[PDB]
């Protein structure tokens, strides 16, 4: 039952059991109907946490693998552990991207939710690319880029510069440019433009979106400081 899956997701959220939270929002999605705003946000928060934990663990272990160069057996054990974590990463990404391809992007009937889901697709493709090998990596980076660009174009036409989804999209696309394509210039200019446009139309920032937009605007301006230093 949809009501029930959604309640479970909320309980799991309260219990900080994000794997369960994701599983029931997965089930809610596979029922095939367009998610409400609440459901979409639940789903995204759940997988944010699921994927986030693994990305964090990956970084720690990758860092150890680096610092153990010279101690070849220690490094090997780190390397194998990192691959374990990578296998989980791929699976989670592939799960969300399949959800996006089969359910969420097809069923998105308003511009806002189209942009939300294309952004999410760019995100999970980015995470995938971060742990993909050789020729497979190039192709996945490109899928990330295309999903963000399409999102970016729709948002430019349909959403105010103060809209948290359009800002969040600008933040993450700028991060892609910086961290994935090694373009600080392009990253910085995207971040700068989104930030400046939000300020210039600050009058449009609604009461309900105030907290999320300003947090993102903070992340944009911090990123911009770091990059141009």
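Residue numbers count along the first chain shown, from 1. Whichever C-alpha set is largest while still superposing within 1.5 Å between the two forms counts as the rigid core.
Root mean square Cα distance to the shown form, taken over structures and residues in 8 other deposited structures of this protein after a core fit, is higher for 126-134 when 96-104 and 126-134 are compared. Superposition on the core shows that, in 8 other deposited structures of this protein, the C-alpha atoms drift more in one of 72-80 and 108-116; this is 72-80. Among other deposited entries of this protein with both flanking residues present, at least a third omit coordinates for residue 207. When 151-159 is weighed against 79-87, 151-159 comes out higher, by mean CA B-factor as recorded in the entry. Mean CA B-factor, 53-61 versus 175-183: the higher value falls on 175-183. Going by the entry's values, 193 shows the largest Cα B-factor out of 44, 29, 36, 193.
Among the modelled residues of its chain, residue 48 has a C-alpha B-factor that falls in the lowest third, as given in the PDB entry. When all modelled residues of the chain are sorted by CA temperature factor, residue 119 is found within the lowest third.
In the PDB entry, a CA B factor belonging to the middle third of its chain's modelled residues is recorded for residue 19. In this PDB entry, residue 107 carries a Cα temperature factor that places it within the middle third of its chain's modelled residues.
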